[PDB]
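Proteins get letters first, then strands, A, B, ... in listed order; numbering begins at 1 in each.
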Amino acid sequence: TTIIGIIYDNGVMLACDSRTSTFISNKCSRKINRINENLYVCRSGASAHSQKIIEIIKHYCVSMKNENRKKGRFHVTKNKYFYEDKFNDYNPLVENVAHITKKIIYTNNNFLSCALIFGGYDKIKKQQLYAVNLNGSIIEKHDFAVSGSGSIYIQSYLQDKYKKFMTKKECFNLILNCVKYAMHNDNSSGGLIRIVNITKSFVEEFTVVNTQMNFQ
Amino acid sequence: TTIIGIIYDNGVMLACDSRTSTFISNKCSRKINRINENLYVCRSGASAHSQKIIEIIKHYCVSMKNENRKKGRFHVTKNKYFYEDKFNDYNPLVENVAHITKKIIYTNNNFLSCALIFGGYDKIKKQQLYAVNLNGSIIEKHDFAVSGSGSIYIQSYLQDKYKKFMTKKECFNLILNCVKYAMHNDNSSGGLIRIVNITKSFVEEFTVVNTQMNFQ
Amino acid sequence: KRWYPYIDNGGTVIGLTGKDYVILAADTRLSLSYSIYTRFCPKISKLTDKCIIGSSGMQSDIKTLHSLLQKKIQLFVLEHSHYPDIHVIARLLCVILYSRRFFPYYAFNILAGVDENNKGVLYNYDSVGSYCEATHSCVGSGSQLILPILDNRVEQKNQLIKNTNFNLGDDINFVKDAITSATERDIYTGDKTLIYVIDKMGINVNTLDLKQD
Amino acid sequence: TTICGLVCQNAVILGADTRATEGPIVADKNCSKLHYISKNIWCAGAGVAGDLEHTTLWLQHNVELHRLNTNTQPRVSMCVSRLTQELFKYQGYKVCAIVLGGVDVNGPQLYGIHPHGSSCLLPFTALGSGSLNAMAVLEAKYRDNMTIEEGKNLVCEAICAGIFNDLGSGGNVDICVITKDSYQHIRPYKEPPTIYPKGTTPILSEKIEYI
Amino acid sequence: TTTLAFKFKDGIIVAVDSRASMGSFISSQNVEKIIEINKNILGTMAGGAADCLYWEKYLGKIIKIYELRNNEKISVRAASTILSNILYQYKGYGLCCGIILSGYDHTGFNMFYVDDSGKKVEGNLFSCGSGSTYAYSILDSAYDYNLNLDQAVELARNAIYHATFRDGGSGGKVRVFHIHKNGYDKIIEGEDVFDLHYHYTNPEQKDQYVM
Amino acid sequence: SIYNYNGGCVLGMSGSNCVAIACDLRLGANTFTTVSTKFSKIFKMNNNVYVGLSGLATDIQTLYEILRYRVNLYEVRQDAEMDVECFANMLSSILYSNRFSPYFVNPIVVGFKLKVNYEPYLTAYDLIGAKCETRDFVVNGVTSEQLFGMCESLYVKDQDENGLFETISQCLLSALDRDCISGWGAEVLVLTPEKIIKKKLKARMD
Amino acid sequence: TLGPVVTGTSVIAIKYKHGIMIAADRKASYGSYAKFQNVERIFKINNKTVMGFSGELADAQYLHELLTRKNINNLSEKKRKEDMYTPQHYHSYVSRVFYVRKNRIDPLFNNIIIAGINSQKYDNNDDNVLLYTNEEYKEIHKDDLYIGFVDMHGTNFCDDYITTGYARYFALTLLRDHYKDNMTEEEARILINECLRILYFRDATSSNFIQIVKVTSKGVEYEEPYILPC
Amino acid sequence: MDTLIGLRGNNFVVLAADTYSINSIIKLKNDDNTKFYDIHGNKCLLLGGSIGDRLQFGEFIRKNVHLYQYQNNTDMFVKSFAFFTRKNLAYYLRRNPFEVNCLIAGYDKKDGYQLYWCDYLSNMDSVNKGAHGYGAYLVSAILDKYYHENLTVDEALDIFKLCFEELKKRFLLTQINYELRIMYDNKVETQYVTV
Amino acid sequence: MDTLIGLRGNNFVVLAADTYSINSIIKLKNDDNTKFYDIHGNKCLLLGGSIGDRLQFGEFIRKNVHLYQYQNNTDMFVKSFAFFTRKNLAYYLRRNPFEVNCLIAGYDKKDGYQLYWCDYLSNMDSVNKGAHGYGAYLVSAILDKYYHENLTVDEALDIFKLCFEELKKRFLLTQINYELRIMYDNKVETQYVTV
Ligand SMILES: O=C(NCc1nc(-c2ccc(C(F)(F)F)cc2)cs1)[C@H]1CCCN(C(=O)CO[C@H]2CCCNC2)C1
């Protein structure tokens with residue numbers, strides 16, 4: 001598995017492979033999960049454990065979103081969605097969802113073996129990446145986060161190529177090349193590349209078919 | 001440990017860190033070992049096992065070199081040595097030394113846990129890199145070889161930056177940056193960087209003090 | 001993890017004596033766990049013109065043991081200038097199997113033959129060399145299925161009304177029915193069976209297709 | 001066991017063999033492995049015999065209860081959620097590898113559920129000992145849009161490959177074609193002694209009791 | 001397995017069952033568990049059939065060489081000592097033998113119990129195998145030195161029968177041999193113990209016998 | 001190895017308008033000591049429902065008591081005999097209720113389904129209630145392989161009561177003669193819609 | 001060798017009308033790490049015999065060295081082309097090596113294919129052998145062609161087609177379904193490419209970078225390695 | 001180590017046991033009285049195994065059956081007593097097992113004289129004869145040989161004498177002292193046999 | 001399980017052992033003769049432990065001491081015999097140990113009557129009294145209590161009678177049959193004591 005998040009100038013891009021399990025049980029999977037319209041999360045580790053964590057945290061996020069509503073009136077294939085909550089009035093903060101996920105993982109860290117990368121946008125802290133580690137420790141990353149077996153192979157490479165205020169285009173190219181290199185080097189990662197770009201007012205999800213060409 | 005070899009135009013560079021062993025027993029070590037004037041080898045894995053392998057293979061190399069002699073007459077701090085055997089009349093081939101090392105490792109691969117990178121020059125195959133893996137399998141690398149704990153962190157990076165016919169200068173820069181990134185990411189590798197440039201007629205040995213600077 | 005040096009390649013070998021003949025039928029499937037290496041690997045090897053050996057267990061051990069017994073029989077013929085009968089070959093097989101008592105051949109064997117006096121003879125062997133003569137026997141994966149059937153047909157112990165008159169053709173058809181039942185109920189038995197008949201004229205081989213699932 | 005499922009246009013096709021084994025011994029030559037969950041949802045099981053049967057009965061009757069209460073057609077994703085939550089409730093035990101195939105308002109949906117409680121929506125899949133043999137045929141021959149008859153043929157080929165290549169698979173081919181309107185469960189889809197004399201058995205005693 | 005031997009007024013009686021098993025499965029019921037070591041010595045089998053058979057034939061070879069060299073019949077004591085030393089040399093390699101060597105020599109009738117652990121015990125009455133305790137109980141209840149040959153043979157048959165009745169490891173046929181001064185006789189070559197139950201304990205055969 | 005402590009085996013077979021169940025009568029101890037020769041493993045639940053329980057004897061008795069309790073409550077509540085298929089499903093549910101601490105038993109259920117038409121009904125179980133229904137025969141116990149071989153070779157479809165009795169008795173006896181830890185008598189029940197024939201075979205006692 | 005470290009994946013060998021076609025991807029994996037991606041896993045034994053391996057690379061290289069010296073010693077004693085060792089001879093030799101190592105509990109962690117042409121009656125390539133330097137293909141009867149399998153336990157056999165590793169499930173199903181006698185080179189290539197395509201999609205240790213080797217009347221020919229089309 | 005023996009005829013039942021109390025390698029007593037548990041109404045529970053488990057289970061069963069008989073003012077049937085004992089032993093089997101072996105003897109008018117053999121796994125059955133302990137291996141065949149349905153009580157005691165003599169002669173534990181319960185003719189009698 | 005007892009006075013040495021041969025739960029013999037190994041020249045090796053190891057080590061040491069005495073035409077001293085036995089037992093301790101316990105008794109003119117206690121680990125010492133086996137735990141204190149230096153042989157035999165009676169009464173294996181070697185006044189005597 002390879003899961004990557006990169007903050008650029010006007011958003012945060014998450015990316016993942018699609019391979020699941022020497023025998024490949026599945027080659028078209030969804031490791032990036034939509035928790036809310038402004039909040040996605042990437043999985044790595046045990047599959048059932050992470051998936052039930054996703055369901056529990058979707059339940060928590062729905063409860064928080066319903067409770068956040070105030071009374072009264074106020075104010076390469078892509079798929080794009082505009083936020084229903086235009087002003088971020090009641091969408092939960094990314095920190096809140098990431099921290100309750102950290103709490104649930106830490107409380108059950110005897111057997112849970114899951115590493116998550118939350119990415120999202122809110123009006124307080126703008127775009128954010130949070131990395132929830134295996135034992136249930138949370139670290140906010142302001143440049144990028146990486147996790148999974150393949151990510152190690154690209155660590156220095158990402159550290160060489162990251163810039164502070166990348167545009168959408170060059171960040172997209174960087175994250176795509178990163179997942180491609182990780183798939184090239186790691187047997188456990190492969191298949192089509194899924195990318196999710198999260199911005200102030202919309203989210204667009206890309207699907208990419210890939211090939212690694214080199215004459216090194 | 002990080003050990004790297006890169007073939008460039010009319011030469012082959014090898015490079016290594018200096019850190020030995022959470023507690024650092026030694027911070028100025030020699031993982032690159034001179035087997036012959038035209039042949040060096042990089043160690044990784046268990047220290048005593050690899051060092052005794054180096055001693056045994058130095059004995060084999062000396063025996064082979066003495067036997068190779070025909071009768072009669074024929075025909076940033078650096079240290080440079082010119083080959084005594086100018087015409088490569090009797091220096092052992094790099095393939096021969098690498099293969100007898102593979103034989104010794106494979107014969108004792110129950111307990112031996114050592115991965116080696118031989119680099120050298122001879123008149124038959126010019127510059128060569130050989131990688132002797134843990135169980136005693138030998139693979140000749142015509143572009144580069146990497147081994148040790150830190151090398152994984154640079155696997156894509158080197159794969160992105162290698163060119164087929166690099167000059168001395170850019171190959172030196174690439175191998176230095178590779179070991180620097182590996183040391184930055186890997187706790188088990190650190191300290192001063194040793195580099196050995198092997199060419200047709202001489203060997204240079206560089207020592208480098210290092211520092212990783214980034215505003216990523 | 002230590003490497004375990006034994007594997008069961010499966011399949012069944014049935015043996016049945018007559019008055020002056022003996023039948024040995026073996027399936028030809030070769031399997032590893034729930035997969036099939038090949039659908040044709042004979043388990044029965046000729047030893048003399050009146051003696052054969054079938055075996056079930058590890059195919060490498062079976063092949064090596066059969067070749068070893070053949071080589072020692074040829075050596076016996078060259079040295080002592082007469083073909084050994086089934087009893088001599090039987091004691092020889094016992095000694096050979098017991099010589100590896102602490103790392104035995106992973107094989108259970110049936111030695112079938114017609115002796116000097118024109119009597120059908122069948123010895124059965126476990127791995128370490130304990131052996132005994134029998135009028136009917138079975139080894140391999142299907143043996144626990146087929147040994148009750150052979151007991152019921154041959155001995156008829158629990159039958160007051162006994163039909164103890166058998167000839168060669170009925171025995172052949174009964175052995176076919178037995179290996180068919182083993183194929184039906186044993187996963188490792190199937191594909192094809194080679195049926196050897198030894199009698200006065202010598203050895204005769206016949207084939208019967210079995211289910212391939 | 002060899003079980004397979006695929007998604008064709010407005011339909012799911014499940015298929016299975018009919019062999020149950022007590023280790024090396026074939027314990028049942030005509031076992032039925034395609035299980036009813038609802039009119040528009042079916043499933044097949046490839047794990048601990050008991051756990052699969054009782055989990056399928058529990059899922060079927062709980063789905064019927066949900067249908068009665070809500071009056072809506074059942075959803076495949078509901079069955080997936082219930083199965084995965086139940087399987088994760090136990091720490092990996094109660095092993096059930098399920099292919100769950102149905103049609104609802106969202107379309108035809110095929111899911112592979114693992115014994116640890118992980119689900120995966122798939123266009124086709126296979127499970128059991130002969131899963132790899134079936135997946136060879138499916139990966140060779142599957143295409144995205146197929147007729148029902150073509151999907152039936154491909155399912156039959158996959159199950160036959162499992163039957164003939166995997167020792168733990170055998171017997172007949174079962175299939176089930178699930179659509180929104182109804183289902184067609186074709187159980188016998190494809191199919192690739194002595195009488196003793198009276199009184200021969202000795203007895204010590206006999207007792208006759210009239211019902 | 002059950003073997004027994006006892007000394008009496010007219011020599012030695014030896015008796016055995018004929019069952020061989022592999023765990024729970026009965027591999028055979030025609031096993032010959034009494035071996036002619038020489039013309040005057042018999043040896044029983046209990047435990048590992050391979051080891052017992054091989055080393056008793058090996059002992060026969062050694063005895064043949066000894067008798068041919070010395071022009072004299074070996075004693076039962078010397079044969080037992082040779083067997084015990086041979087079996088002790090393989091201590092720790094998992095040999096499993098329990099053997100009763102009984103015979104006639106120049107010092108009269110002799111009987112020795114020898115097992116794989118180097119044991120060597122001289123006596124007048126022994127029993128070995130899984131049913132040994134039952135045969136011991138029957139023999140010790142009824143043993144007398146002055147039994148006639150028919151009485152001794154019947155006692156041995158009854159002891160083997162009760163051992164086979166109680167022990168799952170023993171069964172098949174009972175054999176009873178009689179060693180005398182000029183060789184041995186097979187008094188009961190083989191008798192199916194099925195008939196012995198319906199002789200001794202259930203002669204009338206109107207109902208299942210209740211233990 | 002828990003099933004080897006007592007041993008035991010149960011068999012069932014179907015004929016035309018008739019069915020039969022059979023079992024050995026041994027109670028063993030520590031896999032080799034026979035301690036009883038009348039321990040019947042067949043139990044009547046009702047006239048059209050019989051169960052054959054093989055395995056650990058304590059669990060045989062406990063499960064039989066539970067099943068008798070449940071069947072009697074069902075029949076007194078409903079004032080009718082329990083259907084054989086309802087009993088089989090109930091036995092599956094009871095065995096699965098103890099999934100992580102199972103009764104070490106391998107039951108068979110043999111009876112008549114009523115439709116008056118009397119259809120034979122046979123099914124075999126594992127210890128956690130996974131059941132397989134069969135039209136021809138069912139087997140459980142440590143002697144399962146020998147019983148499977150005998151029934152596969154000798155089963156004849158649609159036999160009358162006498163032929164069914166002879167075939168099932170010969171299958172059971174031949175299978176038991178090759179098993180150390182089962183035997184010591186054999187009970188054979190043959191049910192027809194009007195009556196039951198209980199017989200005790202002249203079996204080996206080895 | 002205690003266990004596998006650097007491993008080669010499946011090998012697929014089949015008989016076709018002009019001889020043997022044997023295929024393997026050029027990848028050797030260090031666990032889940034695809035460290036080496038241009039490795040050779042089909043070795044030439046002689047002009048009518050090739051060897052392929054799945055499993056540990058060190059053991060396979062040791063076996064390759066053994067067979068190399070066996071071929072050289074055979075060549076030293078040769079006086080006519082019939083004296084050259086056949087593929088079945090090498091199969092028996094490899095089976096014996098594996099059997100002895102199994103007996104001493106020091107196995108080679110490999111599954112080996114030994115394939116080639118048994119008959120000398122199709123060419124004069126062995127009359128003048130060249131080890132250090134390299135008309136239409138003749139139709140060869142399948143009885144004169146040989147493909148043989150060996151495993152860790154020494155279980156050895158032969159067939160018209162052989163698979164190792166993950167190909168024993170994916171490739172072998174399609175082979176048993178679709179194989180036919182006397183296929184042309186194009187049909188054999190298409191079948192092998194389909195099998196390798198399924199393996200590339202379903203075997204995580206595989207790659208789409210294939211090496212094909214043909215044993216025909218004109219000897220052993222190593223095809224240029226290629227990426228799987230489409 | 002605790003040898004128990006039981007023999008049932010048409011007109012009697014007899015139970016017997018060694019009278020040794022064992023603590024590691026020492027016999028605490030040669031006249032142990034923690035094995036027999038006589039219940040009111042022609043019933044006896046003879047227990048083997050660990051002394052503490054014997055005391056706990058035997059007194060538990062005795063106090064339960066006495067409570068039944070006083071609450072209901074009747075004598076519990078021997079079959080009900082035996083199956084109640086088996087049910088309670090099996091209840092504790094999967095929760096803190098009583099490592100005790102049981103012979104359950106009694107007399108009823110409904111079913112006559114009755115003997116039940118039951119092991120530490122609660123595997124129970126009615127028997128005409130039975131034994132428990134290692135010494136069972138040395139006595140059972142004797143009980144098989146000399147038993148017949150129409151035995152007198154004196155002939156049964158002679159059979160028990162044969163069993164005791166064989167346990168002295170052949171068994172590793174040379175058990176010399178024995179206690180016997182004789183139930184016959186609506187009386188329960190105690191006997192002590194040395195050698 | 002093989003009880004061995006030894007008692008040395010100024011004018012005698014006495015050894016004793018139970019005469020039981022054991023094979024799992026059955027006593028093969030109540031008159032076992034595989035424990036005592038009398039050597040020529042007023043010497044005795046009384047061995048415990050497994051019967052096969054007893055036979056091998058006993059016979060071995062006996063044929064080794066007889067070879068010495070015939071080669072040299074003298075009687076080996078008892079001290080030399082005891083230390084030779086200990087040396088050979090310790091030689092095999094780290095290579096296939098003989099699991100045998102030894103009492104080594106004898107008479108010399110050089111050193112009078114001598115008794116040596118030696119265990120399966122070849123830990124040896126000269127003693128006035130000693131014991132081996134589990135039964136040692138029940139006899140040693142008796143040997144401590146009633147021993148004095150000027151015992152007559154009859155008083156020593158009375159002490160051994162007390163030891164045998166205690167082994168009958170209290171020991172779990174009710175050992176009844178015993179054999180005794182009495183070395184005194186230049187004669188070696190065998191006695192058999194029941195109870
Ligand atoms: O008893 C069986 N047949 C009849 C045979 N009787 C014997 C035999 C009997 C008695 C004696 C002796 F005492 F008188 F000397 C010596 C030999 C060997 S064979 C089968 C019963 C089921 C198990 N079985 C198998 O073959 C299972 O397959 C094996 C193959 C390789 C290893 N893994 C499983 C044998």
Asker: Which label fits F/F104 and F/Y3: parallel for a plane angle under 30°, tilted from 30 to 60°, or perpendicular past 60°?
Answerer: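 Answer is perpendicular, since the angle exceeds 60°.
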Asker: About how many Å separate NE2 of E/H197 and NE2 of E/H162, when rounded to the nearest 0.5 Å?
Answerer: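 It is 10.0 Å, given to the nearest 0.5 Å.
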Asker: Testing the 3.5 Å rule here: is there a donor-acceptor pair between the side chains of F/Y64 and F/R68?
Answerer: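 Result is yes, a qualifying pair exists.
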Asker: So, do E/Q29 and E/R19 sit near enough that their side-chain heavy atoms are less than 4.5 Å apart?
Answerer: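 A side-chain contact exists here, since the closest heavy-atom pair is under 4.5 Å.
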Asker: Run the side chain to side chain contact (heavy atoms under 4.5 Å, CB included) test on F/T167 and F/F137 for me, step by step, so that the C-alpha distance in whole Å, both residues' side-chain angles and the decisive distance to 0.1 Å come before the verdict.
Answerer: CA-CA 11 Å; F/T167 299; F/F137 50 87; over 6 Å; no
Asker: Taking all atoms of both residues into account, what is the closest heavy-atom pair of H/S126 and F/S36, and its distance?
Answerer: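 The pair with the smallest heavy-atom distance is O-OG, 4.1 Å.
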Asker: State plainly whether the residues H/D144 and E/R166 are in salt-bridge range, i.e. N to O under 4.0 Å.
Answerer: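 Looking at E/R166 together with H/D144, the answer is yes, because their closest N to O distance falls below 4.0 Å.
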Asker: To check you understand the geometry: which heavy-atom pair defines the closest contact between H/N11 and H/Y184, and what is its length?
Answerer: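 What the structure gives for the nearest pair is O-CB, 3.5 Å.
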Asker: Supply the atom-to-atom distance F/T123 OG1 to F/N140 CG, rounded to the nearest 0.5 angstrom.
Answerer: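 F/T123 atom OG1 to F/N140 atom CG measures 9.0 Å (nearest 0.5 Å).
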Asker: Locate the shortest heavy-atom distance separating H/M76 from H/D108; write the atom from each residue and the value.
Answerer: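 Reported closest heavy-atom pair: O-OD1, 4.3 Å.
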Asker: Does some side-chain heavy atom of F/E187 sit less than 4.5 Å from a side-chain heavy atom of F/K200?
Answerer: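 Side chain of F/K200 against side chain of F/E187, heavy atoms only: contact under 4.5 Å found.
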Asker: Using a strict 4.0 Å threshold on nitrogen-to-oxygen distance, state whether F/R204 and E/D192 make a salt bridge.
Answerer: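 Between E/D192 and F/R204 there is a salt bridge, with a charged N closer than 4.0 Å to a carboxylate O.
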Asker: Going by atom types alone, do H/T152 and H/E155 pair a side-chain donor with an acceptor below 3.5 Å?
Answerer: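 Yes - a donor-acceptor pair under 3.5 Å links their side chains.
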Asker: With heavy-atom distances below 4.5 Å as the criterion, would you say the side chains of H/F160 and H/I182 are in contact?
Answerer: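 A side-chain contact under 4.5 Å is absent here.
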Asker: So that I can tick it off, tell me whether F/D136 and F/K157 are bridged by a salt bridge, with the cut-off set at under 4.0 angstrom between side-chain N and carboxylate O.
Answerer: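 Not counted as a salt bridge, because no side-chain N and carboxylate O are separated by less than 4.0 Å.
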Asker: Does the side chain of F/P102 come within less than 4.5 Å of F/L95's, by heavy atoms?
Answerer: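 Side chain of F/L95 against side chain of F/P102, heavy atoms only: no contact under 4.5 Å found.
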Asker: Is there a donor-acceptor contact under 3.5 Å from the side chain of C/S181 to the main chain of F/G149?
Answerer: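 Checking the backbone N and O of F/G149 against the side chain of C/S181, no donor-acceptor pair under 3.5 Å is found.
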Asker: Check each of F/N47, F/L191, F/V49, F/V84 against F/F112 using the side chain to side chain contact (heavy atoms under 4.5 Å, CB included) test, and report the only one that passes.
Answerer: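 So, applying the side chain to side chain contact (heavy atoms under 4.5 Å, CB included) to F/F112 and each of F/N47, F/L191, F/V49, F/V84, only F/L191 qualifies.
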Asker: Are C/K157 and C/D151 close enough for a salt bridge, meaning some N to O gap below 4.0 Å?
Answerer: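 Looking at C/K157 and C/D151, the cut-off is not met.
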Asker: Quick one, C/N158 and D/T201 - any side-chain contact, counting heavy atoms below 4.5 Å?
Answerer: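 When only atoms from C-beta onward are counted, D/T201 and C/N158 do not touch, as no gap falls below 4.5 Å.
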Asker: Taking everything shown except H/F77 itself, do over 12 heavy atoms lie less than 6.0 Å from its CZ?
Answerer: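 Open.
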Asker: Flag the pair D/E22 and C/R185 as a salt bridge only when some basic side-chain nitrogen lies within less than 4.0 angstrom of an acidic carboxylate oxygen.
Answerer: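 Judged by the 4.0 Å cut-off on N to carboxylate O distance, D/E22 and C/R185 do not form a salt bridge.
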Asker: Judged by modelled atom types alone, do F/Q170 and F/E166 share a side-chain donor-acceptor pair under 3.5 Å?
Answerer: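 No, F/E166 and F/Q170 have no side-chain donor paired with an acceptor closer than 3.5 Å.
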Asker: Other residues, nucleotides and ligands only: do more than 12 of their heavy atoms fall within 6.0 Å of NZ on D/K29?
Answerer: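 Atom NZ in D/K29 is crowded, with more than 12 foreign heavy atoms closer than 6.0 Å.
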Asker: Where does the angle between the aromatic ring planes of E/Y200 and E/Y161 fall among parallel (under 30°), tilted (30 to 60°) and perpendicular (over 60°)?
Answerer: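 Geometry flag for E/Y161 against E/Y200: tilted rings.
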Asker: Taking atom types as modelled, find out whether H/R86 and F/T58 have a side-chain donor-acceptor pair closer than 3.5 angstrom.
Answerer: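 Checked: H/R86/F/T58 side chains pair up, N/O donor to acceptor below 3.5 Å.
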Asker: Indicate the atoms forming the closest heavy-atom contact of F/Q146 with F/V142, along with that distance.
Answerer: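 Minimum heavy-atom separation between F/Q146 and F/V142: OE1-O, 4.3 Å.
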Asker: Judged by modelled atom types alone, do F/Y74 and F/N46 share a side-chain donor-acceptor pair under 3.5 Å?
Answerer: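 F/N46 and F/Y74 do not have a side-chain donor-acceptor pair below 3.5 Å.
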Asker: Are F/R135 and F/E133 close enough for a salt bridge, meaning some N to O gap below 4.0 Å?
Answerer: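 Salt bridge between F/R135 and F/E133, a charged N being under 4.0 Å from a carboxylate O: yes.
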Asker: Would you confirm whether C/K162, through its side chain, and C/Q156, through its main-chain N or O, come within 3.5 Å as a donor-acceptor pair?
Answerer: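 Present.
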Asker: Is there a side-chain contact between F/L91 and F/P107, using heavy atoms and a 4.5 Å cut-off?
Answerer: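 Heavy-atom side-chain distance check passes, below 4.5 Å.
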Asker: Can you tell me how far apart CD1 (E/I160) and OG (E/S18) are? Round to the nearest 0.5 Å.
Answerer: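 Separation between the atoms: 10.0 Å.
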Asker: Does E/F165 reach the side chain of E/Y209, with side-chain heavy atoms less than 4.5 Å apart?
Answerer: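 A side-chain contact under 4.5 Å exists here.
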Asker: State, to 0.1 Å, how close F/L176 and F/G183 come at their nearest heavy-atom pair, and which atoms those are.
Answerer: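 Smallest heavy-atom distance, with atoms named: CD2-N, 3.6 Å.
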Asker: Between F/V109 and F/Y125, is there a side-chain heavy-atom distance shorter than 4.5 Å?
Answerer: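 The answer is yes; the side chains approach within 4.5 Å.
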Asker: How close do F/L164 and F/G15 get, heavy atom to heavy atom, and via which atoms?
Answerer: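 Between these two residues, the closest heavy atoms are CD2-N, 3.9 Å.
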Asker: Evaluate the criterion salt bridge (charged side-chain N to carboxylate O under 4.0 Å, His left out) for residue pair H/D125 and F/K38; output intermediate values, then yes/no.
Answerer: CA-CA 9 Å; H/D125 199 38; F/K38 66 103 174 175; 3.6 Å; yes
Asker: Pick from F/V35, F/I181, F/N6: which one makes a side chain to side chain contact (heavy atoms under 4.5 Å, CB included) with F/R26?
Answerer: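 Running side chain to side chain contact (heavy atoms under 4.5 Å, CB included) over F/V35, F/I181, F/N6 with F/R26 returns exactly one hit, F/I181.
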Asker: Within a 6.0 Å radius of atom NZ on D/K198, are there more than 12 heavy atoms belonging to other residues, nucleotides or ligands?
Answerer: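 No.
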Asker: Between H/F81 and H/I61, is the side chain to side chain contact (heavy atoms under 4.5 Å, CB included) condition met? List the steps.
Answerer: CA-CA 9 Å; H/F81 166 52; H/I61 296 296; 3.5 Å; yes
